[PDB]
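The structure appears right after this line, and notes come after that.
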Amino acid sequence: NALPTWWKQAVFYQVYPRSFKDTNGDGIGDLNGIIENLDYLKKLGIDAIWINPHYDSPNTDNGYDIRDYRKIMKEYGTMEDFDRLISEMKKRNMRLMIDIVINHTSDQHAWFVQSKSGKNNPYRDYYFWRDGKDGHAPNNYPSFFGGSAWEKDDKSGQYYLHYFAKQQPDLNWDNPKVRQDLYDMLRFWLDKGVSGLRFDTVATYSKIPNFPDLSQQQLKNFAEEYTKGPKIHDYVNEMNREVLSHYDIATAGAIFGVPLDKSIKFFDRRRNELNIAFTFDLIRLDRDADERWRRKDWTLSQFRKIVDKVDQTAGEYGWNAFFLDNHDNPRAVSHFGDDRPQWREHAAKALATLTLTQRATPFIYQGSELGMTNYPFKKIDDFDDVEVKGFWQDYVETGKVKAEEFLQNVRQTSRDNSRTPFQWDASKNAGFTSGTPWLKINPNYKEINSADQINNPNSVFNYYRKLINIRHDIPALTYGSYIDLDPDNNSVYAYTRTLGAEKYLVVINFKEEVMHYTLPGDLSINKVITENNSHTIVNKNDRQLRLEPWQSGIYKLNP
Ligand SMILES: OC[C@H]1O[C@H](O)[C@H](O)[C@@H](O)[C@@H]1O
Ligand SMILES: [Ca+2]
């Protein structure tokens, strides 16, 4: 059985508007630059776009600190430009998903300005205010973005809670007036015909009664602890009943911190919470849990075991998104592939094949369709991201970690790796801007750009385009069940996707040498659906493949 829906079979593209296309020379991407490139996305074969936050914001965290939920960000343009994006997407039969950030607002949001003015203001209980303990913060809560999660306010003498930047105070979801105002805000956007919502850090809305201290253990994985609020599902379901279920939308929940065996409660269709799981297990598989900027070695067997556990967790009643990178993570070809010149294009096509053959809604992050890479940051000042400055302050300026070792890691792990501007063409600043880009463009744009790829049939771009057409053509590549042929193999990633008699095999050689790979049991090849970097022909009934380094392919198997 399988309830098909548009959002299960969609291929989404994620646009980070600050870095997509600048159309007025200020160095920052804008709405009009999205509009201008919709035919490019339609040619790739995308039918839905998720945009990162597009609201009025002081940009401490690039739109995730929202100062007014009902205004367009000044740098992105006007409400008129927003409504044109919708209307021009509609002309092209594309659906828009927006980013809903209601764990916290900017400290400049009118609600916070009132709340901080004193204990008597009607907005006081819109945020979390607590007394110090012996002239220190109410408790030992750390922030994701550095220091304590409590900021002293001199006006009142009390501390306010901020899991993120001190300019992102957390909204008090235990206050029913807060939830009702957020619901009116959602209806403002949903009434404009938006087709999807992504809920940013949806699992942290419910705070822990009485705010007790975290134990030593809990301090080393506090992200998980902040997901343990006792009313989180009451609140998500109430939001579904009062708002989400009255419109026709797909909702995605970004559940950072949630242990994978707690994820299903958010997405089981019978629970009437959200539709699509954004889990972080796979994309953070190689990240230290205590020093969250540090990476550690990982293996293909580790990777594929997580793919399979995420897949099984969704089970019959949930549904996964699948992504290998996004605006919070290094670029996939650098992170999971080999980004050197001899291999980058083969590895990028290998990972596209993986992505576009998962039992999940795939999300392609802008630039990945070109094989864009991490950026060669050298000095701490080459980064923009508030998060990396928080890590530098906590670990390097306290003398706990040498600056150079810190940099060797954040070069690989920083969010700013995925925020360098999109490489449109080979002209100055890769045609992203007529001015000076807000974050420097990778010098590899001369070799990696959309103009060089869009009409080259062998390009990474056109291999993504071919895979998307393949996936739409073959229902088993969307709905088929997933079986990993060998979860312990560290060289060749091979799995099947099966619907009844229709059985397909995906095979990717993660090694930089030729690998021979004999199929298990009685499996043999009926057809080749596509391959990249193939040298040995595959004939009817072949039971073995000779895989070139970085070779990837999809095959139909004999019954
Ligand atoms: O969902 C988690 C979100 O948390 C914060 O508000 C981040 O800065 C953002 O990039 C991330 O996606
Ligand atoms: Ca601009």
Side-chain angles (χ1 to χ4, degrees), residues 14-37 50-55 57-66 72-78 81 97-107 143-146 149 162-171 197-205 223 226-227 252-258 266 274 276-280 283-284 292 321 323 325-330 363 365 384-391 413-419 421-422 429 431-439:
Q14 180 189 344
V15 166
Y16 191 70
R18 198 178 176 83
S19 302
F20 190 62
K21 182 68 201 276
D22 174 18
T23 58
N24 73 349
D26 69 354
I28 293 164
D30 45 67
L31 293 177
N32 283 343
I34 304 176
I35 300 171
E36 187 178 279
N37 289 292
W50 157 38
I51 53 170
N52 290 100
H54 63 281
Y55 316 91
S57 175
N59 291 311
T60 290
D61 190 20
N62 295 353
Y64 287 90
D65 51 312
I66 292 168
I72 308 300
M73 192 186 290
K74 175 178 27 76
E75 294 76 4
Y76 299 167
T78 57
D81 293 338
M97 171 171 285
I98 60 167
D99 208 326
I100 301 301
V101 185
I102 50 182
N103 178 78
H104 46 264
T105 62
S106 170
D107 72 342
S143 170
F144 290 99
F145 290 171
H162 63 91
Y163 287 166
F164 297 89
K166 76 174 216 207
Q167 298 85 2
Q168 292 161 300
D170 284 59
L171 284 167
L197 298 181
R198 179 231 189 220
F199 289 89
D200 182 66
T201 183
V202 66
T204 58
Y205 302 160
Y226 296 163
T227 71
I255 48 153
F256 193 93
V258 172
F266 291 98
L274 305 178
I276 306 168
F278 281 28
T279 62
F280 297 89
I283 194 174
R284 300 288 181 102
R292 294 185 331 289
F323 45 91
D325 64 12
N326 61 21
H327 64 300
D328 288 332
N329 287 288
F363 280 71
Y365 177 71
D384 163 83
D385 182 10
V386 60
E387 182 192 66
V388 87
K389 302 174 158 139
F391 283 141
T413 66
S414 172
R415 310 200 291 176
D416 283 342
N417 284 297
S418 70
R419 301 171 187 200
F422 189 94
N429 288 314
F432 166 76
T433 181
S434 57
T436 303
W438 78 275
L439 179 65

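Residues take their numbers from the sequence shown, with the count starting at 1. What's counted below: heavy atoms across the whole structure, side chains too, no hydrogens, waters or symmetry copies. Counting convention: from 1, in listed order, for ligands and their atoms alike.
Side chains of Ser19 and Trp438: a donor on one and an acceptor on the other come within 3.5 Å. Side-chain contact check for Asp99 and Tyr55: no donor-acceptor pair (N or O, by modelled atom type) lies under 3.5 Å. Under the 3.5 Å distance criterion, with hydrogens and angles disregarded, no donor-acceptor pair is assigned to the side chains of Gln14 and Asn326.
In this structure, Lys21 pairs ionically with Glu36, as a charged nitrogen and a carboxylate oxygen lie closer than 4.0 Å. Note on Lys74 versus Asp26: no salt bridge recorded, every NZ/NE/NH1/NH2 to OD/OE distance being 4.0 Å or above.
Ligand 1 places these atoms under 4.0 Å from at least one heavy atom of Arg415: 7 (C), 8 (O), 9 (C), 10 (O). The ligand atoms of ligand 1 that sit less than 4.0 angstrom from a heavy atom of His104 are 6 (O). Which parts of ligand 1 touch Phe145 is read off a 4.0 Å heavy-atom cut-off, strictly below it: atoms 8 (O).
Of all protein N/O/S atoms, those lying under 3.0 Å from the Ca ion (ligand 2) come to 5.
Atom 2 (C) of ligand 1 has as its closest protein heavy atom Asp200 OD1, 2.9 Å.
No part of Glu387 comes within 4.0 Å of ligand 1, judged by heavy-atom distances. Counting heavy atoms under 4.0 Å from ligand 1, residue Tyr163 does not touch it at all.
Residues forming a side chain to side chain contact (heavy atoms under 4.5 Å, CB included) with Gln167 (at least two apart in sequence, or on another chain): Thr60, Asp107, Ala165. Every side-chain hydrogen bond (donor to acceptor under 3.5 Å, both in side chains) that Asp65 has, sequence neighbours left out, goes to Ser57. Take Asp416 and apply the side-chain hydrogen bond (donor to acceptor under 3.5 Å, both in side chains) test, not counting sequence neighbours, and it matches no residue.
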Next on the checklist: One pair to check against side chain to side chain donor-acceptor pair (under 3.5 Å): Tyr64 and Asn59. What are the steps and the verdict?
Outcome noted: CA-CA 7 Å; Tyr64 287 90; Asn59 291 311; over 6 Å; no
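Contact annotation: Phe278 has no heavy atom less than 4.0 Å from any atom of ligand 1.
For atom 5 (C) of ligand 1, the candidate residues are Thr201, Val101, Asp61; the nearest heavy-atom contact is made by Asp61. Of the listed options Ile255, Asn103, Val202, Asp328, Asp328 places a heavy atom closest to atom 11 (C) of ligand 1.
None of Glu387, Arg292, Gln168 except one satisfies the side chain to side chain contact (heavy atoms under 4.5 Å, CB included) rule with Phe144; the exception is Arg292.
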